[PDB]
Amino acid sequence: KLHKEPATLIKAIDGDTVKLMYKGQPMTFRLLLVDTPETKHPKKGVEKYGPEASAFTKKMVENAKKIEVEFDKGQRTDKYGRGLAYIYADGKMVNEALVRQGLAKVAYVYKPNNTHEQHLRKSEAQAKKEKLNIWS
Ligand SMILES: Cc1cn([C@H]2C[C@H](OP(=O)(O)O)[C@@H](COP(=O)(O)O)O2)c(=O)[nH]c1=O
Ligand SMILES: [Co+2]
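Structure determination for this entry is recorded as X-ray crystallography, at 1.85 Å resolution.

The name that the PDB entry assigns to the protein chain is STAPHYLOCOCCAL NUCLEASE, with the source organism given as Staphylococcus aureus.

A closer look at the side chain of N113
Along the polypeptide, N113 turns up in the loop between β8 (105-106) and α3 (117-129). The class for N113 is buried, based on a relative accessible area of 6%. From its side chain, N113 meets the backbone nitrogen of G74 in a polar contact 2.7 Å long. In this structure the side chain of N113 is engaged in a polar contact, spanning 2.9 Å, whose partner is the backbone oxygen of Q75. The contact partners of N113, leaving out residues within four places of it in the chain, are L32, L33, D72, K73, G74, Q75, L84 and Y86.

Thoughts on the coordination of the cobalt ion (ligand 2)
The coordination sphere of the cobalt ion (ligand 2) contains the protein donors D16 (OD) and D35 (OD), at a distance range of 2.6 to 2.7 Å. Here the residue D16 occupies a position in the loop between β1 (5-14) and β2 (17-22), and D35 occupies one in strand β4 (residues 34-35), the gap between them amounting to 19 residues. Relative accessible area serves as the criterion here: at 5%, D16 is assigned to the buried category.

Details of the pairing of strand β3 (residues 25-31)
Here is the key point about a regular strand: its side chains alternate between the two faces of the sheet. Two elements, β2 and β3, share six bridges in a ladder whose sense is antiparallel. Paired with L20 across the strands is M27, a residue of β3. Hairpin geometry of β2 and β3 is characterised by an intervening segment of two residues between the two adjacent antiparallel strands and by a positive phi of about 50° at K23. Two elements, β3 and strand β6 (residues 83-89), share three bridges in a ladder whose sense is parallel. In the strand pairing of β6, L31 is matched with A85.

Structural notes on helix α1 (residues 50-62)
With 13 residues, α1 should reach 18 Å at 1.5 Å per residue; the first-to-last C-alpha distance of 18 Å fits that figure. Of all the positions in α1, only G50, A53, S54, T57, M60 and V61 are classed as buried. Angularly, the buried residues of α1 cover 135° about the axis, an arc narrow enough to put them on a single face. The inward-facing, buried residues of α1 contact β1, β2, β5 (67-71), β6, β7 (92-93) and α2 (94-100).

What about the environment of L2?
Mapped onto the elements of the fold, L2 is located in the segment before β1. Spatially, the C-alpha atom of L2 lies 20 Å from that of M21, the residues being 19 residues apart in sequence. Filtering out sequence-adjacent residues up to four positions away, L2 remains in contact with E70, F71, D72, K73, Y86, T115 and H116.

Quick word on the UniProt feature "binding site: Ca(2+)" in the protein chain
Annotation from UniProt places "binding site: Ca(2+)" at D16, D35 and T36. Across 21 residues in sequence, these annotated residues keep their C-alpha atoms within 6.7 Å of one another, forming a single compact spot. For the largest pocket, the lining residues drawn from the annotated set are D16, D35 and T36. When neighbours within four sequence positions are excluded, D35 is seen to be in contact with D16, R30, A104, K105, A107 and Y108. Mapped onto the secondary structure, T36 falls in the loop between β4 and α1. In contact with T36, other than residues within four places in its own chain, are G15, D16, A53, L98, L103 and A104.

Conventions adopted
Residues numbered from 1 in each chain as written, not as in the entry; some residues may be left out. Chains lettered and ligands numbered in written order. Heavy atoms only, no water. Residues with missing side-chain atoms left out of burial classes, pairs and counts. Helix = DSSP H or I, 4+ residues; strand = E, 2+ residues; numbered from the N terminus. Buried < 20%, exposed > 50% of the residue type's maximum accessible area, 1.4 Å probe, protein only. Polar contact = N/O pair within 3.5 Å; in protein donor to acceptor, adjacent residues only side chain to side chain. Contact = heavy atoms within 4.5 Å. Donors = N, O, S within 2.8 Å, 3.2 Å for Na, K, Ca; no water. Pairing = 2+ DSSP bridges. Expected span 1.5 Å × (residues − 1). Arc of directions from axis to C-beta. UniProt positions renumbered as here; feature names shortened; annotations may be inferred. 1 Å grid on protein atoms, 1.4 Å probe; cavity = no way out; pocket = protein on both sides within 12 Å on 5 of 7 lines; lining within 4 Å.

Here you go:
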């Protein structure tokens, strides 16, 4: 099945991208199955709820005692060299926490890297029926 491995926070970049020390190497990790509003790129840019999604991920990983990464069963990095994982901060999955708050939408679902897709879609449906943030 999937397994969690330890990692150490270096820096949170924005809502869905964080830099971590993993097995002794610095890497940027991109959260599987979600897309947060942009803070960066001019062909996207500071989007509504981008500042709040970044701050939520930053708060969540900086205050954690333990960060764990869980790779899915397909490729572990994307075309930019970013690690593709589910990230956990004291056992809470950051990717699901964002979707549950309406600060991310379920996106980039590429098989076989989709083990938690239904769990995330269930949380996104709840954030939409509660009209949270993106969905308000
Ligand atoms: C989440 C994810 C993104 N990506 C790619 C798709 C997009 O490519 P392009 O940049 O060509 O559009 C980009 C989205 O990342 P960001 O949302 O960080 O921009 O990263 C993957 O290749 N695999 C993944 O699992
Ligand atoms: Co994004």
